[PDB]
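Reading the structure
For reference, the chains in residue letters:
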Amino acid sequence: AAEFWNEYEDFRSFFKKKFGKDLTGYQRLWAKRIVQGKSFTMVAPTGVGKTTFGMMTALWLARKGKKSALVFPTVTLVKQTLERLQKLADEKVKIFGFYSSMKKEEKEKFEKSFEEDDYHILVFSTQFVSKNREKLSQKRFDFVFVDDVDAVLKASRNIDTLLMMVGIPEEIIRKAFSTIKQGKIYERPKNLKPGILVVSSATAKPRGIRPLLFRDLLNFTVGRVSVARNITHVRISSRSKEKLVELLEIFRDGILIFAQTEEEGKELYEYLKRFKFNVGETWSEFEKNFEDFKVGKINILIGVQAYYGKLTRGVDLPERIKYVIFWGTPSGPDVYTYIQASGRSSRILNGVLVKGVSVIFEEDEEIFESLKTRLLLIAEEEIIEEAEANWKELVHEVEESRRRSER
């Protein structure tokens, strides 16, 4: 249901009349948001009417004299949307588009009204945004629809451009980021009333600190942290293979070791094999070493830190994977790789979010401190020092949480 229902049914009707069919499940949901002036990420598959909704919404906003911008990754998408719009458009609505392979006549029409603010709907690509950041940031759109997600996150300058495009002053963006950098949360001014920002998808390769400005300014998150987690993060201020040996001696079983490089991984594999530990590697034979580890044949599994890796993301065994050890912090620092990797030790099993332990071996105070603040902003989780870690109690929490799971 929706408070502001009257605007929802007014949207619902207009859609069915113009488009011809009724809003779909996702579209209804999205509809109830747009009606309330909430921005959001379109978490849905392809072919369920993502572009159609953005298009129809812009049309519905034009009736009330509100302006929209529709940003696409390709030119053909710009054309196709322009064509569809001008066919569905009424007599009043002013619609203009722009791409490089456009006629000089049609180009000047766009540039004329663009400067004169004589438009209701604008359609251009992500390239256009890169060429016209200055001019764009000087305009406020009630609705901005971004189809390409990576483009938004490729340059920190991009995020700022959209933000200002939705009526968020540059001064407020600086103060917001200045606040977020310190690790605090920024309380946007309640009298600002920004426009609607809608991002079509979520990047399979997110990067940066910038993407957090949507969280405090438009109250939505571009990135895809996990629903929830129960992980204890502990840091070891060195690379002591023997500080490691005495950890494996109490952990004993269900251990994953992520090395920065395949070279350092082999070195670590040699050392542990030399001390007669039951260890296996994943760079040579993954399918077989993981199944042995899965069945209990192998106690320790060593791998290589990679964003979309087999061991970092793919593996799904909360009942088997209890402890995650990082031989050096993922290069970057790569909080998203650390996040995915440490999540192997903690997820829902038979109605219990089991307890997981993540240990980081980092000697570089500088690199570790970066990882710490970033983990705090993204996953709202902290990393404790070895001296605050009660290993016996941690091992207990790991075993006890997997009994309450069997219940």
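Residues numbered from 1 in each chain as written, not as in the entry; some residues may be left out. Heavy atoms only, no water. Residues with missing side-chain atoms left out of burial classes, pairs and counts.

In terms of determination method and resolution, the entry is listed under X-ray crystallography at 3.200 Å.

The PDB entry lists the chain under the name reverse gyrase helicase domain, with thermotoga maritima as the source organism. Listed as the entry title in the PDB record is "Helicase domain of reverse gyrase from Thermotoga maritima - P2 form".

1. Looking at the packing of aromatic side chains
In plain terms, the rule: Any two of the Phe, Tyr and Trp rings considered here, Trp counted by its six-membered ring, make a pair once their centres fall within 6.5 Å; the pair's planes then place it as stacked at under 30 degrees, edge-to-face at over 60, or tilted in between. Elements are defined by DSSP. Helices are runs of H or I of four residues or more, strands are runs of E of two residues or more, and each kind is numbered from the N terminus. Only protein chains enter the accessibility calculation, which uses a 1.4 Å probe; a residue whose area is less than 20% of its type maximum is buried, one above 50% is exposed, and one in between is partly exposed. Any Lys NZ or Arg CZ found within 6 Å of a ring centre and within 35 degrees of that ring's normal is scored as a charge over the ring.
This model, assessed by the stated rule, comprises 27 aromatic pairs. Judged by centre distance (5.1 Å) and plane angle (35°), the rings of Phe98 and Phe110 are tilted. Of this pair, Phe98 sits in strand β3 (residues 95-98) while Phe110 sits in helix α5 (residues 104-116); the two residues are twelve residues apart in sequence, bridging distant segments of the chain. Considered together, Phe98 and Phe110 belong to a single accessibility category, that of buried residues. Considering the side-chain rings of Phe286 and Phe290, the 5.6 Å spacing of their centres and the 5° angle between planes classify their relative orientation as stacked. On the criterion of helical spacing, the pair formed by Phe286 and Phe290 is a turn pair, its members being four residues apart in helix α14 (residues 286-295). There is no split in this pair, since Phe286 and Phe290 are both buried. Each member of the aromatic cluster is reached from another via a ring pair, and the members are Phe98, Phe110, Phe114, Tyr119, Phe124, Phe128 and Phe141. When the ring centre of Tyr8 is taken as origin, the NZ or CZ atom of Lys32, which lies over that ring, is 5.7 Å away. Between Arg235 and the ring centre of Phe368, over which it is positioned, the NZ or CZ distance is 4.2 Å.

2. Here we look at helix α10 (residues 170-181)
Heads up, the rule is: The span one expects for a helix is its residue count, reduced by one, times 1.5 Å. This arc corresponds to the set of directions leading from the helix axis out to the C-beta atoms. In what follows, residue pairs with any heavy atoms lying within 4.5 Å of each other are defined as contacts.
Taking 1.5 Å per residue, twelve residues should reach 16 Å; α10 reaches 16 Å between its end C-alpha atoms and fits that length. Burial in α10 covers these residues: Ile172, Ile173, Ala176, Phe177, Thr179 and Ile180. Angularly, the buried residues of α10 cover 160° about the axis, an arc narrow enough to put them on a single face. Facing away from the buried side of α10 by over 90 degrees, the exposed positions are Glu171, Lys175 and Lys181. Of the surrounding secondary structure, the elements contacted by the buried residues of α10 are α9 (156-165), α11 (213-217) and α17 (365-378). Two residues or fewer past α10, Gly183 is found with a positive phi of approximately 100°.

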